[PDB]
């Protein structure tokens, strides 16, 4: 690694380079992080269930540790995430009797959570994924069903962004989602964000999760999505990048190691992806990987539990993979 290029330095004039972490991986992958990234995202510890597990009970310890690490190394921090249909405790939507609360009560709870969380990290966290995955991933409907939407109504996103803006008007607020480059969904995300911005809602950027495969989405689809979203005038962040060795239809669990073909195609894939990101450096301001080395990735258990994936630029021994060389040479 002595003579190895540093990711954040290579892309210094293009965009920040980030990694998703947790207290455990910060220790396990500390040197890689210190040598390559200038942005950090909490993989799980800033989600609702990990910040306010019970009403009035805030558990900022783990998030504080992540922020402390980032700040001690002059790394930016992306806040993830405030309002999402997943990883949110049941108490949030229920009353004493266990029945669903009213619109006003849920809005009060949403405002309280957002205000408390955002104000704590004001000045240390420069952006927040305010709304995560609200758009439907299947069907002809625009929005995915969720307790937030059911109880409050379809304007729940407008409210979330306004509450977050009030809490920290200097933060960049994002709508974050996956499968963001498939045409049908791209148009739903575009329509949603355009509608919000047309109402003056403080949504400053779109977060493209980029949980991609070797084949999907195509480079043309990625280019089209970047251009489509950029045309709204918002900032773009690639937020949870990883390149899975398995396509959606591939649920094999017996592969103990990736084939030389997988490794080679992944290298080509990462080179093509970063070449495209660099081309759009004027609108993309940050590229965060959902991890940093293959010794830790949520793809080991998703969508198939108990297997192994090799989605990042560094291997399990923290050594650069062929993908690393193609990525930094664009």
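Numbering follows the first chain given and starts at 1.
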Identify the stretch, either 94 to 102 or 77 to 85, whose C-alpha atoms have the larger mean B-factor according to the entry. 94 to 102
With respect to the recorded C-alpha B factors, which stretch has the higher mean value, 107 to 115 or 148 to 156? 148 to 156
From 223, 188, 211, 252, the top C-alpha temperature factor is at 252
Can you pull the Cα B-factors for 242, 133, 140, 129 from the entry and say which is highest? 140
So where's residue 246 on the chain's Cα temperature factor ranking, which third? middle
Could you place residue 12 in the lowest, middle or highest third of its chain by Cα temperature factor, using the values in the record? highest
Report the third (lowest, middle or highest) to which the CA temperature factor of residue 46 belongs, ranking only the modelled residues of the same chain. lowest
Third of the chain, ranked by Cα B-factor, where residue 217 sits: lowest
Binned into thirds over the chain's modelled residues, the C-alpha B-factor of residue 125 lands in the lowest
